Amino acid sequence: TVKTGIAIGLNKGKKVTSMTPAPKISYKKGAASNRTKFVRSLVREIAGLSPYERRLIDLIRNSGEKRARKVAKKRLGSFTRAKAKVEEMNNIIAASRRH
Amino acid sequence: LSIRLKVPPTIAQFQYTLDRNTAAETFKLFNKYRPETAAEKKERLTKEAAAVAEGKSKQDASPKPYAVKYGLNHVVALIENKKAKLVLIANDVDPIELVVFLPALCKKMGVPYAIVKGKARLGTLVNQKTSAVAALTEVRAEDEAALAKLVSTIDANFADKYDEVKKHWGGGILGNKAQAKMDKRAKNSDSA
Amino acid sequence: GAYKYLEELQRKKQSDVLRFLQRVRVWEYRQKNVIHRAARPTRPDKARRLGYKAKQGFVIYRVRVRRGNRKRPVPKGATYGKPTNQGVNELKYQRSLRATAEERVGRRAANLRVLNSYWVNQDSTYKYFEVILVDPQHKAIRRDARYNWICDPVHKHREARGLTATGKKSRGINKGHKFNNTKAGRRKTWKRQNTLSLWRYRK
Amino acid sequence: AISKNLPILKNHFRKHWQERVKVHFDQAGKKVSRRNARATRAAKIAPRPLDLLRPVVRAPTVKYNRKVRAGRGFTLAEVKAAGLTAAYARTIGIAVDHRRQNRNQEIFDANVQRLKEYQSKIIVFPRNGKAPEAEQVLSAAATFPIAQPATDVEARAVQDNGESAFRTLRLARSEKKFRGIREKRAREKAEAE
RNA sequence: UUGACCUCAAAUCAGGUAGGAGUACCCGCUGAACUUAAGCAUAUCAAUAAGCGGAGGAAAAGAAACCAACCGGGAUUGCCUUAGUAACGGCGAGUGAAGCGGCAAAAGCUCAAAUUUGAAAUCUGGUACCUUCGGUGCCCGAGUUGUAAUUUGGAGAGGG
RNA sequence: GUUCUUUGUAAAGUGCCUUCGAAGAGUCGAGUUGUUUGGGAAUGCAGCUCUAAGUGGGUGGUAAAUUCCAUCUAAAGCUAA
RNA sequence: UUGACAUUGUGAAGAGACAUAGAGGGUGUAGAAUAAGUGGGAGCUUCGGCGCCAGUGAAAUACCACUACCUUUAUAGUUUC
């Protein structure tokens, strides 16, 4: 981020001429592949959905995308999982009644 | 499970059994295909001592061991490589959680699965006690017509009944003394 | 191998299709007593990554206790000191009802050696934590190939240890800020660090 | 009641530190004993030096300067670009780190160069017995001291072309703070389509 | 009108295991009072005294979902220092941790998540033999609900 | 320092290119109550309802949310001085 | 001693009051009238209807509002019956 090379003030850090080789070995836990999307297209299709999620799929489209998110917010316990669970439901509805 | 009350839509196949007319030819077909027992294999190693070991011929001067396929709750390479044909189902099945995803491992890939009951007698042709499935990828020409014939039978008696079974639940089975009063009550309530 | 499909299975037992099977799981758990004899494991996925070998040693127990807290047998409150400290029912325990699944069958484990433990099914009255044990005086265990530490005097018999797999299940005893409390123990993590160590060569 | 204008002591006093004070009357006790184990249990037992050649690592933070510290190994990247493998270094005596490597250039240009003054100074004895003795040194940690590399000497000419500094760093600190304020109104101004 | 596998049992045999004393130090769980108190509760004393169980021959903890905003950092505990300033307390009496720097002592490892599928190779038990903290051969059981070999976050496995 | 044996057309480690990247299943998080503590509006332990993710999750001594970056790879065990 | 969720499945379930909006009657003497306690009377699309049209007379009839609602229906649903 363009260091200063001198005393602190504007930027933070020192001009380190790193060779930036190979970092860690597990940044991307998920990917496309043919196995990660093979289990959910074989197991999840059996049970379908959960009783508490069969009501949440009738609030997003019907009661808009505001209060419906609050319902699932207190249902879980946090809002940090409202974009990793509720957002995932957008692909479930489209792969059910739509397709 | 499938006697008293309702049944889970994920299964509903324990109430259906296979006839003894088709299962007879099925068991006899797997009779000729079985690995050698421990009593007739360890001694065989001493016979090939002057043909394989001292003969310097690893898997060269030996007949092809046409063994029938197998595997139940441990199937990975038989799906990704598309090497699954005739698929059987266990009888007892103690793990209840390990039976609700067995037909799904054949329906998605289009593998002709057969809902059968029994794995103990088929465990004798594998040098064990319990068995599983019995597919054939590299079958000889001796039983070529005796394998493709059973394909049309299974697909027209098992593959055609999966989507319809999944939708409906399953029940209406009579109990015991319960039906000796409940059914006798509606008779007098309608036409005494 | 094919346990990848079992990984997805979590809330499917409560879904409107296997929710009836949930009672079938806790079914056999209550029908049996506390101490008995079992055979092959029911969950090949959990009772495996904790230590497994297809032979005669790795089993799965089935202990049944109550569900709630505990009230000390004091004559309707033998304590009774400070109004905040008081409360025989307000004393809703604090630090042990999880090793209970081993703390009582530990007598049945003192002659053995507890490997690990887990959970299967529960209700609103009892608790069912299946625990796997490994016989240390078994020659197949004393040799094998992988494990070579079972012979040495190592374990603490997981029933009075407090450092069980179900005990190390919690217990944040790392190195950070949330781990400075019980880093040493209970006494030496206070009686020692607050001790003015005075040598011969005083200042 | 009242201590008036006196510093109130708030240390470990009121507690029962009559039998709590863990006095240590050793020092010289464990000294000689370990030294009887350094000339026997470390000398006449496994003829290998204890304190090996530790990697000269620096001690950062502005709070401390011209310091010097040791490490636990020379990673894997430094060993790979040395001459031998990692598994082979565990047999000789070369210290190897763990769980990760390094990315800094100054680190790579300090530890690798030091290994060249160690690997080329020693040899490898065969596993078929033999292995003669040529008087080894039981001190490799404090053999080659490395201080902080000095830059330019004390003879720099007068160079100036707008130092400011005090006025520059003052606006630099302000620019660091006022980033989501000045650019905030500027972004809402250029969006006027 | 007739034989197997799984689950659940019953002895006095070869071969094994269990019930405690002492108990410095240390660890897990549960749980009090007295002293001080510009009255009483909160708080301090005190994750305490006493008592009980298990493991070890040091224990607990520790080879990173840790510690930083710098010159990037290189495992745990303890003595010295950081460290008596902040925090907690009817802000009263009291309690009061961790990081940087420095010193002593160093060499680290591996299950499942993974099918050899064109020869169930390893481990347990019994008999004989032998060089008995062991090895070879024959005969069983456990074992298709997949063992074993290889591999461990620093990458690793599967081809040419 | 010796004497007596062929393990082995074996085992292990290292470099480049293509095809790749698995990760523990009532556990974590959040909320309520009790106990304890040095941690300031939830640090550790125990119990309960709701209840996790697969280009992910969590921490880094001051809660939450939106747009970026980022010290780790846990809920399993063993391990001199 | 009391209550919600969960433990603990299923929806063929007799009869009510609601969470956003548009009609339906506002009838006491007299005035043929719907003049509802109070407020507002120069006004909204302007070519055009009523702006204060007649008799009576305490209050006189479009117009963004504090309003008591006799009796129904109402989209994905509904804590305790």
# chains A, B, ... in the order shown; residues from 1 in each chain; ligands from 1

call {"tool": "residues_around", "arguments": {"residues": "residue 49 in chain F", "least_positions_apart": "5", "cutoff": "10 Å", "atoms": "only C-alpha atoms (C1' of nucleotides)", "output": "ChimeraX atom specification"}}
result
/F:31-32 /G:5-6

call {"tool": "write_last_selection", "arguments": {"atoms": "C-alpha atoms (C1' of nucleotides)", "output": "PDB file, in the first residue's frame"}}
result
ATOM      1  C1'   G F  31     -29.663 -14.917  23.984  1.00  0.00           C
ATOM      2  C1'   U F  32     -31.413 -16.007  29.423  1.00  0.00           C
TER       3        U F  32
ATOM      4  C1'   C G   5     -41.273 -22.957  23.534  1.00  0.00           C
ATOM      5  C1'   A G   6     -38.962 -27.723  23.310  1.00  0.00           C
TER       6        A G   6
END

call {"tool": "interface_residues", "arguments": {"of": "chain G", "to": "chain A", "cutoff": "12 Å", "atoms": "only C-alpha atoms (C1' of nucleotides)", "output": "list in words"}}
result
residues 75, 76 and 77 of chain G

call {"tool": "interface_residues", "arguments": {"of": "chain E", "to": "chain D", "cutoff": "6 Å", "atoms": "only C-alpha atoms (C1' of nucleotides)", "output": "number ranges by chain"}}
result
E: 70-71, 154

call {"tool": "atom_distance", "arguments": {"atom1": "CA of residue 86 in chain D", "atom2": "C1' of residue 112 in chain E"}}
result
28.0 Å

call {"tool": "closest_atom_pairs", "arguments": {"of": "chain A", "to": "chain C", "cutoff": "7 Å", "atoms": "only C-alpha atoms", "output": "CSV"}}
result
residue,atom,partner,partner_atom,distance
A:39,CA,C:5,CA,6.0
A:43,CA,C:5,CA,6.8
A:47,CA,C:17,CA,6.1
A:49,CA,C:15,CA,6.6
A:50,CA,C:15,CA,4.6
A:51,CA,C:15,CA,6.0

call {"tool": "interface_residues", "arguments": {"of": "chain D", "to": "chain C", "cutoff": "6 Å", "atoms": "only C-alpha atoms", "output": "compact mmCIF listing (two decimals) with N, CA, C and O atoms, in the first residue's frame"}}
result
# COMPACT_ATOMS: atom_id res chain seq x y z
N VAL D 21 4.58 -18.16 50.68
CA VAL D 21 5.79 -17.69 50.02
C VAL D 21 6.72 -18.85 49.67
O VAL D 21 7.40 -19.41 50.53
N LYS D 22 6.72 -19.21 48.39
CA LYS D 22 7.59 -20.27 47.89
C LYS D 22 9.01 -19.76 47.71
O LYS D 22 9.38 -19.27 46.64
N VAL D 23 9.81 -19.85 48.77
CA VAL D 23 11.20 -19.40 48.72
C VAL D 23 12.04 -20.36 47.89
O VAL D 23 11.85 -21.58 47.93
N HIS D 24 12.98 -19.80 47.12
CA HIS D 24 13.86 -20.60 46.29
C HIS D 24 15.31 -20.43 46.74
O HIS D 24 15.92 -19.39 46.49

call {"tool": "interface_residues", "arguments": {"of": "chain F", "to": "chain A", "cutoff": "6 Å", "atoms": "only C-alpha atoms (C1' of nucleotides)", "output": "list in words"}}
result
residues 30, 50, 51, 54, 55 and 56 of chain F

call {"tool": "closest_atom_pairs", "arguments": {"of": "chain B", "to": "chain E", "cutoff": "6 Å", "atoms": "only C-alpha atoms (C1' of nucleotides)", "output": "JSON lines"}}
result
{"residue": "B:64", "atom": "CA", "partner": "E:118", "partner_atom": "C1'", "distance": 5.6}
{"residue": "B:65", "atom": "CA", "partner": "E:118", "partner_atom": "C1'", "distance": 5.9}
{"residue": "B:71", "atom": "CA", "partner": "E:144", "partner_atom": "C1'", "distance": 5.9}
{"residue": "B:120", "atom": "CA", "partner": "E:5", "partner_atom": "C1'", "distance": 5.3}
{"residue": "B:129", "atom": "CA", "partner": "E:5", "partner_atom": "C1'", "distance": 5.6}
{"residue": "B:131", "atom": "CA", "partner": "E:144", "partner_atom": "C1'", "distance": 5.6}

call {"tool": "write_last_selection", "arguments": {"atoms": "C-alpha atoms", "output": "compact mmCIF listing (two decimals), in the first residue's frame"}}
result
# COMPACT_ATOMS: atom_id res chain seq x y z
CA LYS B 64 -8.32 -63.56 -15.12
CA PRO B 65 -10.20 -63.60 -11.79
CA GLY B 71 -19.86 -52.43 -1.86
CA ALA B 120 -26.04 -63.52 4.02
CA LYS B 129 -20.68 -63.47 6.19
CA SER B 131 -22.67 -59.03 1.32

call {"tool": "interface_residues", "arguments": {"of": "chain A", "to": "chain B", "cutoff": "9 Å", "atoms": "only C-alpha atoms", "output": "PyMOL selection string"}}
result
chain A and resi 34-35+41-43+46-47

call {"tool": "closest_atom_pairs", "arguments": {"of": "chain F", "to": "chain D", "cutoff": "10 Å", "atoms": "only C-alpha atoms (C1' of nucleotides)", "output": "CSV"}}
result
residue,atom,partner,partner_atom,distance
F:1,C1',D:130,CA,9.2
F:12,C1',D:87,CA,9.9
F:13,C1',D:87,CA,6.7
F:14,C1',D:85,CA,6.5

call {"tool": "residues_around", "arguments": {"residues": "residue 74 in chain F", "least_positions_apart": "2", "cutoff": "12 Å", "atoms": "only C-alpha atoms (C1' of nucleotides)", "output": "ChimeraX atom specification"}}
result
/C:168-170,172,174 /E:64-65 /F:23-24,27-28,57-59,72,76

call {"tool": "interface_residues", "arguments": {"of": "chain C", "to": "chain E", "cutoff": "6 Å", "atoms": "only C-alpha atoms (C1' of nucleotides)", "output": "list in words"}}
result
residues 48, 49, 54, 55, 56, 96, 111, 140, 144, 156, 160, 161, 162 and 184 of chain C

call {"tool": "residues_around", "arguments": {"residues": "residue 80 in chain F", "least_positions_apart": "6", "cutoff": "12 Å", "atoms": "only C-alpha atoms (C1' of nucleotides)", "output": "VMD selection string"}}
result
chain E and resid 105 to 108

call {"tool": "write_last_selection", "arguments": {"atoms": "C-alpha atoms (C1' of nucleotides)", "output": "PDB file, in the first residue's frame"}}
result
ATOM      1  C1'   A E 105      16.981 -25.542  29.314  1.00  0.00           C
ATOM      2  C1'   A E 106      15.761 -28.111  23.117  1.00  0.00           C
ATOM      3  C1'   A E 107      15.629 -33.130  18.234  1.00  0.00           C
ATOM      4  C1'   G E 108       9.801 -33.525  18.018  1.00  0.00           C
TER       5        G E 108
END

call {"tool": "closest_atom_pairs", "arguments": {"of": "chain A", "to": "chain D", "cutoff": "8 Å", "atoms": "only C-alpha atoms", "output": "CSV"}}
result
residue,atom,partner,partner_atom,distance
A:9,CA,D:173,CA,4.8
A:10,CA,D:172,CA,4.6
A:11,CA,D:176,CA,7.2
A:16,CA,D:104,CA,6.8
A:17,CA,D:105,CA,6.1
A:18,CA,D:104,CA,4.9
A:19,CA,D:103,CA,6.2
A:20,CA,D:103,CA,6.2
A:21,CA,D:103,CA,7.2

call {"tool": "interface_residues", "arguments": {"of": "chain E", "to": "chain A", "cutoff": "8 Å", "atoms": "only C-alpha atoms (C1' of nucleotides)", "output": "list in words"}}
result
residues 69, 70, 153 and 155 of chain E

call {"tool": "select_by_dssp", "arguments": {"residues": "range 69-164 of chain B", "states": "helix (DSSP H, G or I)", "output": "list in words"}}
result
residues 77, 78, 79, 80, 104, 105, 106, 107, 121, 122, 123, 124, 125, 126, 145, 146, 147, 148, 149, 150, 151, 152, 153, 154, 155, 163 and 164 of chain B

call {"tool": "write_last_selection", "arguments": {"atoms": "N, CA and C atoms", "output": "mmCIF file, in the first residue's frame"}}
result
data_model
loop_
_atom_site.group_PDB
_atom_site.id
_atom_site.type_symbol
_atom_site.label_atom_id
_atom_site.label_comp_id
_atom_site.auth_asym_id
_atom_site.auth_seq_id
_atom_site.Cartn_x
_atom_site.Cartn_y
_atom_site.Cartn_z
ATOM 1 N N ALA B 77 -15.465 -44.902 -5.804
ATOM 2 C CA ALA B 77 -14.862 -45.066 -7.125
ATOM 3 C C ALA B 77 -15.822 -45.708 -8.124
ATOM 4 N N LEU B 78 -16.928 -46.245 -7.621
ATOM 5 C CA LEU B 78 -17.913 -46.900 -8.476
ATOM 6 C C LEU B 78 -19.006 -45.930 -8.915
ATOM 7 N N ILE B 79 -18.816 -44.650 -8.605
ATOM 8 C CA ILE B 79 -19.783 -43.622 -8.974
ATOM 9 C C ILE B 79 -19.147 -42.564 -9.870
ATOM 10 N N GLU B 80 -17.983 -42.069 -9.456
ATOM 11 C CA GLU B 80 -17.274 -41.044 -10.211
ATOM 12 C C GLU B 80 -16.723 -41.595 -11.521
ATOM 13 N N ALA B 104 -30.543 -43.110 -3.863
ATOM 14 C CA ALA B 104 -30.127 -41.836 -4.435
ATOM 15 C C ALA B 104 -28.766 -41.947 -5.117
ATOM 16 N N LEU B 105 -28.000 -42.966 -4.741
ATOM 17 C CA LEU B 105 -26.678 -43.189 -5.322
ATOM 18 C C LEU B 105 -26.769 -43.936 -6.647
ATOM 19 N N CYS B 106 -27.993 -44.201 -7.093
ATOM 20 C CA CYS B 106 -28.212 -44.935 -8.335
ATOM 21 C C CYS B 106 -29.219 -44.226 -9.236
ATOM 22 N N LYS B 107 -30.107 -43.448 -8.625
ATOM 23 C CA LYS B 107 -31.136 -42.732 -9.368
ATOM 24 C C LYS B 107 -30.558 -41.528 -10.104
ATOM 25 N N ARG B 121 -26.419 -65.148 2.260
ATOM 26 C CA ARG B 121 -26.044 -66.210 1.329
ATOM 27 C C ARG B 121 -25.067 -65.698 0.281
ATOM 28 N N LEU B 122 -25.185 -64.416 -0.055
ATOM 29 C CA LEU B 122 -24.283 -63.792 -1.012
ATOM 30 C C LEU B 122 -22.950 -63.458 -0.349
ATOM 31 N N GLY B 123 -22.885 -63.654 0.965
ATOM 32 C CA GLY B 123 -21.658 -63.449 1.709
ATOM 33 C C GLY B 123 -20.788 -64.692 1.689
ATOM 34 N N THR B 124 -21.346 -65.784 1.179
ATOM 35 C CA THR B 124 -20.618 -67.042 1.072
ATOM 36 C C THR B 124 -19.782 -67.080 -0.202
ATOM 37 N N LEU B 125 -20.206 -66.316 -1.202
ATOM 38 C CA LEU B 125 -19.485 -66.237 -2.469
ATOM 39 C C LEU B 125 -18.527 -65.048 -2.477
ATOM 40 N N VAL B 126 -18.140 -64.605 -1.285
ATOM 41 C CA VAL B 126 -17.221 -63.484 -1.140
ATOM 42 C C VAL B 126 -16.276 -63.761 0.033
ATOM 43 N N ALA B 145 -25.886 -62.937 -22.123
ATOM 44 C CA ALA B 145 -27.322 -62.888 -22.364
ATOM 45 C C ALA B 145 -28.105 -63.108 -21.075
ATOM 46 N N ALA B 146 -27.420 -63.601 -20.049
ATOM 47 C CA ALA B 146 -28.050 -63.853 -18.758
ATOM 48 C C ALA B 146 -27.883 -62.660 -17.824
ATOM 49 N N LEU B 147 -27.344 -61.571 -18.356
ATOM 50 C CA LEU B 147 -27.136 -60.357 -17.574
ATOM 51 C C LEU B 147 -27.971 -59.203 -18.113
ATOM 52 N N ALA B 148 -27.999 -59.064 -19.434
ATOM 53 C CA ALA B 148 -28.749 -57.993 -20.080
ATOM 54 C C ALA B 148 -30.251 -58.253 -20.021
ATOM 55 N N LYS B 149 -30.622 -59.516 -19.832
ATOM 56 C CA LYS B 149 -32.025 -59.898 -19.751
ATOM 57 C C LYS B 149 -32.653 -59.413 -18.448
ATOM 58 N N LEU B 150 -31.864 -59.420 -17.379
ATOM 59 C CA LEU B 150 -32.344 -59.004 -16.067
ATOM 60 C C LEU B 150 -32.416 -57.485 -15.953
ATOM 61 N N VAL B 151 -31.743 -56.791 -16.867
ATOM 62 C CA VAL B 151 -31.723 -55.332 -16.863
ATOM 63 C C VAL B 151 -33.107 -54.758 -17.157
ATOM 64 N N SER B 152 -33.771 -55.311 -18.168
ATOM 65 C CA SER B 152 -35.096 -54.846 -18.562
ATOM 66 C C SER B 152 -36.148 -55.178 -17.508
ATOM 67 N N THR B 153 -35.873 -56.197 -16.700
ATOM 68 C CA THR B 153 -36.797 -56.620 -15.655
ATOM 69 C C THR B 153 -36.740 -55.677 -14.455
ATOM 70 N N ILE B 154 -35.526 -55.336 -14.035
ATOM 71 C CA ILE B 154 -35.325 -54.457 -12.888
ATOM 72 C C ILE B 154 -35.811 -53.039 -13.177
ATOM 73 N N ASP B 155 -35.494 -52.538 -14.366
ATOM 74 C CA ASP B 155 -35.854 -51.177 -14.751
ATOM 75 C C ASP B 155 -37.362 -51.000 -14.916
ATOM 76 N N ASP B 163 -40.252 -41.889 -8.028
ATOM 77 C CA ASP B 163 -40.813 -40.550 -7.905
ATOM 78 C C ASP B 163 -42.218 -40.595 -7.312
ATOM 79 N N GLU B 164 -42.992 -41.598 -7.714
ATOM 80 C CA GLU B 164 -44.351 -41.768 -7.216
ATOM 81 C C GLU B 164 -44.342 -42.206 -5.754
#

call {"tool": "interface_residues", "arguments": {"of": "chain G", "to": "chain C", "cutoff": "12 Å", "atoms": "only C-alpha atoms (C1' of nucleotides)", "output": "list in words"}}
result
residues 6, 7, 8, 9 and 10 of chain G

call {"tool": "residues_around", "arguments": {"residues": "residue 81 in chain G", "least_positions_apart": "4", "cutoff": "12 Å", "atoms": "only C-alpha atoms (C1' of nucleotides)", "output": "VMD selection string"}}
result
chain G and resid 14 to 16

call {"tool": "interface_residues", "arguments": {"of": "chain C", "to": "chain B", "cutoff": "6 Å", "atoms": "only C-alpha atoms", "output": "ChimeraX atom specification"}}
result
/C:1-2,17,42

call {"tool": "residues_around", "arguments": {"residues": "residue 84 in chain C", "least_positions_apart": "2", "cutoff": "12 Å", "atoms": "only C-alpha atoms (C1' of nucleotides)", "output": "list in words"}}
result
residues 79, 80, 81, 82, 86, 87, 88, 90 and 91 of chain C; 41, 42 and 43 of chain E; 34 and 35 of chain F
